[PDB]
C-alpha cells in the first residue's frame, strides 16, 4: 500500500492534472487483487480528477489496471503492483494521461506520434529494480502518445509463472508483439529508433 510519503507526494503531483483520468481495473478474488483494489482506491481519493472503476470482464492479466481518460480505451497498463521503484512511473503515467506535458523534446514526441505500425509492448520489472523505471516510463509515454502503441508493465512478483515461462533471466525485459525486443537499460530514443 501507499506509505504516508507516497500518498502526500502523490497528492502533490496530481495537482498537475488538468484533464480527468480513469483507473480501470480487472481483478480476480485473490489477495493480490485486494491490494490493487485498495491502492487504486487510495489514489482516487487524492484527487477529483481521478476515478477508479473496474471491469473484471476483460481478457487481460488479473490483477491489472488501465490508466486512461473517460470515454477512452487508450493508455498504459500495469499488471501487478505498481509500487516499489515503479511508483515514479505510476505517478508519471497518471500525470501524462491527465494532461501534464512530458519533459521530452517536442520533435521527439512528434516522431513518436508519427510511428506507423502496431506494437504491443510488454515489460517485465521487479519492484526492486532500479533500471526498470526509465524503460517502463519510455514505453508508457509512447502509449499515451500513439494509440498504435500499447504497453503493459508487468510486476514479476505477481506473475512469476510468466517469468520462467518466457525464460526472463533479468529485468527490465521488454517484448513486442510477443517476441523479445530487448533487455536492460534503454532510452526512449534508442527504443523509438528500433521501431522506426
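Positions refer to the first chain, counted from 1.
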_10 to 18 versus 169 to 177 - which carries the larger mean C-alpha B factor in the record_ = 10 to 18
*Given 106 to 114 and 75 to 83, the range whose Cα B-factors average higher in the PDB entry*: 106 to 114
*Looking at 35, 155, 45, 134, which has the highest CA B-factor as recorded?*
45
_Cα B factor band for residue 26 (lowest, middle or highest third within the chain)_ = lowest
*Taking the C-alpha B-factors as the PDB entry records them, is residue 68 in the lowest, middle or highest third of its chain?*
middle
*Where does residue 119 sit by CA temperature factor within its chain: lowest, middle or highest third?*
highest
_Per the entry's values, where does residue 140 land by CA temperature factor relative to the rest of its chain, in the lowest, middle or highest third?_
lowest
_Chain-wide C-alpha B factor ranking for residue 150, given as lowest, middle or highest third_ = middle
